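A.B. asks: Chains as they are written, first to last, in the deposited numbering: chain R, 6 to 104; chain W, 17 to 29, 33 to 50; chain A, 138 to 236; chain E, 10 to 38, 55 to 76, 186 to 335; chain D, 3 to 137.
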Amino acid sequence: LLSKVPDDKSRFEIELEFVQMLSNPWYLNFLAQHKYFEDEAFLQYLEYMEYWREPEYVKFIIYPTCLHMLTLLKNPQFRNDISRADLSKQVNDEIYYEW
Amino acid sequence: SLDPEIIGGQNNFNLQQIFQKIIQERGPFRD
Amino acid sequence: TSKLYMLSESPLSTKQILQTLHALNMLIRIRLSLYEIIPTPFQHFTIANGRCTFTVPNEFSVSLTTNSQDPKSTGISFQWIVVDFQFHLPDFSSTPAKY
Amino acid sequence: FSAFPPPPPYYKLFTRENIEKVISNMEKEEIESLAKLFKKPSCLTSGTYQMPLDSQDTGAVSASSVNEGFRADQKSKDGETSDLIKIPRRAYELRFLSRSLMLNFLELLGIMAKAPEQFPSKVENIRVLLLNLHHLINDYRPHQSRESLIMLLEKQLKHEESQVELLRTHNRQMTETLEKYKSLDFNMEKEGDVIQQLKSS
Amino acid sequence: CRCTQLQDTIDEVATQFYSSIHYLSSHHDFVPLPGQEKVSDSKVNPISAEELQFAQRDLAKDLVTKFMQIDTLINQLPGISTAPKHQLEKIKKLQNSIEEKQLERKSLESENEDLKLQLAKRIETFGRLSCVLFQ
C-alpha cells in the first residue's frame, strides 16, 4: 500500500489522453494480452472514465471512438476477444472503413 | 446566447438481445 | 463486430418488458392465426403469459405440453412472409424438470 | 515488437476495500480525504493546450492585408475600376488577392530564370497572399456552419410534423376499424355456447 | 460545401506551384552553348526538347485554368452578412416550432397507445374464441 502520488491538473490531462488510448484498438489488444482486464481495480477505473462523457468534459475529448470503445469493453467476452488478433484487425478495419 | 436545442439523431437509421437480458434479469423464462 | 459484441445498457424497464411480453404474445397470435400449418392435435392452443401453450394428453405423470414463442428478429412480421416457416422457441412441461 | 504506455499507477491503487472505506467515510459524514480528492473529476476551464483553447489567428502568424465587417441585415457592395467591376465587396477583395497571387507567381518564375538567389522575398509575397485568402474564407464559414445547422433542424422538424400526421392517420384508421368490429364483452364462454345454440337454430 | 471546395482549389494552386517548378527542374535541361552537348545520362534522365516546350505550355494552361476556376467560384459565392442575428432568430423560431409540434405529438401519442391497447384486447378475445369454436 504505497501512498498515492497524483497531481490534480495533470491527471485530467492524463485521463483525457488515456481515454484517447482507449480509442485505439491495438492498444486494447495489447492491454488484453497484458491481462489488465484481470484486475477489478482497472474496471472501477473504467467507470471512473465514465466522467469523461459529461458535456463540459467530453467537449475536450478529441477522438470520439473511445467513448464507443468504452461501452464496447463493458462486455467481458469482448475483452477476451480483443485479446484475439483476428478480432482486433476486424475492429481496426471497421473504423478504417467508417473513416 | 445559449438556448437548449432538442435534436435526437433522427438522421441515423432486437428481441434476441432482449431475451438474453431478461434471461439475466429474471433467470429462467418459464417463471 | 460492434453489433455482435455490443451490449445494451443494464437497465431493463419492467413495465417495458411486460409490454414486450404483451406485444410478443399478441404477435404469436398474429403468426399462428396466419401461420400456415398447425397439426390437428395442436388445434387448441392457449396464448399464455409470454408463452404459447399446447396440450396433448399423455402419461408418465404428465401431459405432453409445449410452450412456444420466438426470438428471431428478421422474421417477426416476415414470419408471415415466411408462412412456410418460422423460428419458434419452446418451453415444455413434464413431470421431470432439469432434463 | 510494438508497445504502448501503461495506464496510470493509481488504476492499480483501486480496490473495493478502499472503496468500502470511503463509503464508510460518507457514512461518518487523511487517507480517506486523499481518496476522495482522488475520486473527484476537477475539470479545467482555460489555458493549457499541449500533449489552443481558441482557433488560430492570422495576425498572429504574419501580416494581414485587409480588415472588414458587415452590419446586421446589411451587406456592402461598391463599384470600383480595375475592369470596371460592380459586384460584392468581400468577393472583390478576394478576386483581387487571387489575380494578384497569379501575378506574384509570374514574378517568381522571372526571378528564378534571371536571379535565383532573390526568391525569398517573392515567395514571402506569395505566402502572405495565400494566408490572407484563407483567413478571409475562414471569416465566411461560421455563417455556413450556422445555416447547415438550420437545414438540419429543418430536417428534424419535417420528420416531426410528418411523423405526427402519419400517427394521426393511423389513429383515425384504428378508431374506425375498432368501431366497425366492436363486439366488446367479458366471460365469453357464455357467448360461445350461446353462439353454439344459435347456430343449432 | 462551396466554401470548403474553393478552399481546396487554392490549396490545389499552391501544390501546382511547387509541383510545376519541380517537374521542370527534374527533366532535361542540357544546353550546349558554343560546345557540344554531353550528359551524365543516368542522373540526367533527359526529355525531348519538343517534349519540354509542350510540357511547359501544358503546365501554364493548367495553372491559368485553375485561376479561372477560382475566379468563377468567387462569383458563385453569395454575399452574406457576417452578423448572425437573422440566422439566430430563424434558429429560435425553428426550435420553438419543433417544441410545440413535439408536445402535440406526445398528447396524441398517449391517446394512440391507449386506443391500441383497447383494440388489442378485442382482438385477443376474437382470436381465442374463433380458434376454439371452429376447432
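Even for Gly, the Cβ is constructed at its ideal location relative to N, Cα and C.
Please compile the residues from chain E whose C-beta is within a distance smaller than 8 Å of the C-beta of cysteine 5 of chain D.
C.D. replies: Near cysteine 5 of chain D (Cβ distances below 8 Å), the residues of chain E are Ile271, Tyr274, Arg275 and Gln278.
A.B. asks: Could you say if the segment 309-322 of chain E and the segment 102-122 of chain D meet the contact criterion of at least three C-beta pairs nearer than 8 Å?
C.D. replies: yes
A.B. asks: Any C-beta of chain E within less than 7 Å: which residues of the segment 78-103 of chain R qualify?
C.D. replies: none
A.B. asks: DSSP three-state call for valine 10 of chain R: helix, strand or coil?
C.D. replies: coil
A.B. asks: When the Cα atoms are used, what is the spatial distance from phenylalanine 253 of chain E to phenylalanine 239 of chain E?
C.D. replies: Going from the Cα of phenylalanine 253 of chain E to the Cα of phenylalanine 239 of chain E covers about 11 Å.
A.B. asks: Please report the residue range of the beta strand (DSSP E) in which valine 328 of chain E lies.
C.D. replies: Unbroken run through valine 328 of chain E is the alpha helix (DSSP H), 322-334; no beta strand (DSSP E).
A.B. asks: Using a beta-carbon distance below 8 Å, is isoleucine 23 of chain D in contact with chain W?
C.D. replies: Judged by the 8 Å Cβ criterion, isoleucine 23 of chain D is not in contact with chain W.
A.B. asks: Extract the residue ranges of the alpha helix (DSSP H) inside the segment 31-109 of chain D, only unbroken runs of 4 or more that lie entirely within it.
C.D. replies: 43-46 and 51-78
A.B. asks: Taking all protein chains shown into account, decide if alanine 234 of chain A is buried (16 or more other Cβ within 10 angstroms of its Cβ) or exposed.
C.D. replies: Exposed, by the Cβ-count rule.
A.B. asks: List, in order along the chain, the chain D residues whose C-beta lies closer than 9 Å to that of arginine 168 of chain A?
C.D. replies: Correct list: empty, because the minimum Cβ distance to chain D is about 11 Å.
A.B. asks: Which residues does DSSP list as the beta-bridge partners of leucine 201 of chain A?
C.D. replies: A/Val193
A.B. asks: Quick check on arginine 130 of chain D - is its C-beta less than 8 Å from some C-beta in chain A?
C.D. replies: yes
A.B. asks: On the three-pair Cβ rule with 8 Å, is the segment 163-173 of chain A touching the segment 83-96 of chain R?
C.D. replies: no
A.B. asks: Would you say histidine 181 of chain A lies against chain D (beta-carbon separation less than 8 Å)?
C.D. replies: yes
A.B. asks: Identify the continuous alpha helix (DSSP H) that holds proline 30 of chain R and give its terminal residues.
C.D. replies: 30-38
A.B. asks: Bridge partners of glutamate 214 of chain E, per DSSP?
C.D. replies: E/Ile219
A.B. asks: Is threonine 151 of chain A helix, strand or coil when you go by DSSP?
C.D. replies: helix
A.B. asks: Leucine 301 of chain E: which of D/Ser132, D/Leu135, D/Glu106 and D/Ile125 sits nearest, CA to CA?
C.D. replies: D/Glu106
A.B. asks: With contact counted as at least three CB pairs below 8 Å, one residue from each stretch, are the segment 22-35 of chain E and the segment 37-54 of chain R in contact?
C.D. replies: yes
A.B. asks: Name the chain W residues whose beta carbon is nearer than 7 Å to that of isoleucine 100 of chain D?
C.D. replies: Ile22
A.B. asks: In angstroms, rounded to a whole number, what distance separates the CA positions of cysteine 68 of chain E and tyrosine 62 of chain R?
C.D. replies: So the alpha carbons of these two residues sit roughly 7 Å apart.
A.B. asks: Only counting the same chain, and skipping five residues up and downstream in sequence, which positions put a Cβ closer than 7 Å to that of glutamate 57 of chain E?
C.D. replies: Closer than 7 Å at the Cβ level, and outside the excluded window around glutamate 57 of chain E, lie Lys30, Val31 and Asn34.
A.B. asks: Distance check for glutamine 39 of chain W and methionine 74 of chain R, CA to CA, integer angstroms please.
C.D. replies: Rounded to whole angstroms, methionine 74 of chain R and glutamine 39 of chain W show a C-alpha spacing of 22 Å.
A.B. asks: What residues from the segment 50-61 of chain D come within 7 Å of chain E, judged by C-beta to C-beta, listed N to C?
C.D. replies: From the segment 50-61 of chain D, no residue has a Cβ closer than 7 Å to chain E.
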